[PDB]
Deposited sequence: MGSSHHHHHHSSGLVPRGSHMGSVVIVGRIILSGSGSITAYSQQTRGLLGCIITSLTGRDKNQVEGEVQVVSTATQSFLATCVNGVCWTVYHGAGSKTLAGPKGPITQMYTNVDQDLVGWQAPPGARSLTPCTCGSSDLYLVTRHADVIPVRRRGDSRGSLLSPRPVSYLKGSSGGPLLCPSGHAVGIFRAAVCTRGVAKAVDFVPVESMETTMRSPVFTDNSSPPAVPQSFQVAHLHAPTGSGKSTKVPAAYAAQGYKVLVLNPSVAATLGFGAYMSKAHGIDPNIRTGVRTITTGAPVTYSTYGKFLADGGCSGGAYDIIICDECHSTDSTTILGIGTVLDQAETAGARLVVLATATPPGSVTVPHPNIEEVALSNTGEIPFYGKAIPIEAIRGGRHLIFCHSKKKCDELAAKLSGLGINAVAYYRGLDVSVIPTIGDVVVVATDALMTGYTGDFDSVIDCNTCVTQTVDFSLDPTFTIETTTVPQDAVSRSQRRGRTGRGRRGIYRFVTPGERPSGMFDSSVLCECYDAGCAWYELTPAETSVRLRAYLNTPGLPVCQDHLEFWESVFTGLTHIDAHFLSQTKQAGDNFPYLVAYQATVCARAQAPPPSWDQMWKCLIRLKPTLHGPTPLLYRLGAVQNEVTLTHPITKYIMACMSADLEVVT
């Protein structure tokens, strides 16, 4: 679907009124066709997807808005879908060529400290500028007042644009400031190229540089290129988030380029003294990061990956590389932030229908589609993998489930099989398949600053973004004609990750890699500050402050929850420690808290709740000191998407 214009705020002292020009039916058809024949007027446009509605402000002949709402989408236009002219994911900014009849605001030259934010409801909210991207609302307003107004103009008194609104800065649920994209970030974006070629490795520079490599898996981004570099006489470290891919490079380089390299995973380590090393991000962090002098080039493969280990690992490289004597970091991926899924020559795509013997996410799979051969069916949860493997086995199709927890030996590597897997597949198994069938959804975590009492980590089923869809489809069609069947044809924008991933990085830091919160921050600071990487909201101060107060955890609990492989082993363990000290029962008796099961006779009363990590069945008390500290931490300034 395309972004659709559904109305306009007309600007006129500054005042405004809004005008609606479409309803739901129209918005839906227009988004599907990409064809909008309505006459565009005004400088601010009310726009909408099938999900969110928001704004777009025309400046200098470009119509601008936020990446978090528009993604990389085309805008419906008179001739047809308009492709985006600019896409600056780093600045939460995208932009289309202004259609005829649109007026443009001209940039604010002088720069008043006094500024007015136009909202989607046609209000003109005064704002005092505090910095380049920061203004304080004269009247603190609830956060929900500003919702739907991402992409709206901030104006000086004369009516020239100072920037477009991108996020509220909340203090305990009330908006006291605003983050906007400066007009000078737009003029900078208009002066960068629309075509920077990243498909070739850079040549090694005289001094330190970070460089980007965009090219598909198989192209030898991970094999040929490190070899080429080794030939020129350099030492190269290749980081990867999969144990199975890292190990498989070992026997691959030996066969193919006569280099018997160093391999470093948690399960296995080989030192051959080769000039090339392949390691997981995880083993890299276990070994303390960059060793003084050991490497010239550090290639971070699958840098589109937004799990906590990769992020923490990449930001370690970026914080340490130059001081360890690196001259080159290369961030490598086939799917950088802002990518969309384009057709693939080797892959035929066929929507699923309702005609099929096997139900699947409201559609159907025909037995004939998966009876012969090797097939990969992605499902969102383990529960659903178990269900589908059971049905298929019961019809005599040779079927097998794989997800986090299982050994990859459930395999089966040669012969007929239907593999029903979660995304864990993409890290534990390196093989390709005759067809891929994709449910087009994933499970994700989201933090919610719910103040009940502190924060919550919700697990939610969500639509897949452009990176998931591409990575899943790319398990077929690798040098051999593949089919890709799907339940649904859309895809969310790529390259954004949630604040809970940040939280996960402190947790793993503390739990797994002996990092203080201060230390975790510095490495995340290096990641955030590097252009072209995935993006998130800057909630570092906040998570640092939270984990900073979580002291004298109980070793036994920590170990146990690490060994069960829970998410957030540190937060779970820490809550467990507080409970067992306070002589109080845990939030519930979910598996999550099994680590406390032998104290169940003696633990009684209300749970000293620190935060919410699932359903809380027990009564709660807010009197524990750690709770009060975490409550106090919620007064910090939180950027929120609006």
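Sequence order list of spans that the model leaves without C-alpha positions, deposited numbering: No C-alpha for residues 1 to 21, 34 to 36.
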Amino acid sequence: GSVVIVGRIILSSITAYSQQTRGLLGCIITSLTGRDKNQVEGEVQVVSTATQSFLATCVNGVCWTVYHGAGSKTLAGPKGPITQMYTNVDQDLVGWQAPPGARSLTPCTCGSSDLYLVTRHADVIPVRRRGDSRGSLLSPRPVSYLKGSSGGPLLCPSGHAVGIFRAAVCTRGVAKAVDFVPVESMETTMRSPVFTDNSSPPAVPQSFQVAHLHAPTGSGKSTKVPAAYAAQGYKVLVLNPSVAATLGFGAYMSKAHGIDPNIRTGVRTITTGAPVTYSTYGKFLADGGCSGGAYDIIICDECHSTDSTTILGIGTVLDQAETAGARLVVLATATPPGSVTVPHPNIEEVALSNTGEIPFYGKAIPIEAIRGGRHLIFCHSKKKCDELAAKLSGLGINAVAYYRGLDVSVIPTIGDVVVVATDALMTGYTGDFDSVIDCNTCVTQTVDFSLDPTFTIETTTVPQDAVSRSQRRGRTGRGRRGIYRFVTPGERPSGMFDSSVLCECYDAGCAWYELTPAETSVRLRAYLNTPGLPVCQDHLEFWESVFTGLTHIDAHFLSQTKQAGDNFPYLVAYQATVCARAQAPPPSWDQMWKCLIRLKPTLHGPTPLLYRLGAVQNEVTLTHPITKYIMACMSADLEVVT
From here on, numbers count along this sequence of modelled residues.
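419 to 427 or 194 to 202, whichever carries the higher mean Cα B-factor: Comparing 194 to 202 with 419 to 427, the higher mean C-alpha B-factor belongs to 194 to 202.
Which of 203 to 211 and 297 to 305 has higher mean CA B factor, as the PDB entry lists it: It is 203 to 211.
Among 187, 348, 448, 498 - the residue whose C-alpha B-factor is largest in the record: So the option with the highest C-alpha B-factor is 187.
Which of 607, 591, 65, 617 ranks first by CA B-factor in the deposited coordinates: By C-alpha B-factor in the record, 591 ranks first.
Third of the chain, ranked by Cα B-factor, where residue 282 sits: It falls in the bottom third of the chain.
Residue 98 by Cα B-factor - lowest, middle or highest third of the modelled chain: Tercile = highest for this residue's CA B-factor.
Modelled-residue ranking by C-alpha temperature factor, third containing residue 59: As the PDB entry reports it, the C-alpha B-factor of residue 59 lands in the middle third of its chain.
Within-chain third of residue 490 by Cα B-factor, per the entry: Highest third - that is where residue 490 ends up once the chain's C-alpha B-factors are sorted.
Modelled-residue ranking by C-alpha temperature factor, third containing residue 621: Ranked within chain, residue 621 CA B lands in the lowest tercile.
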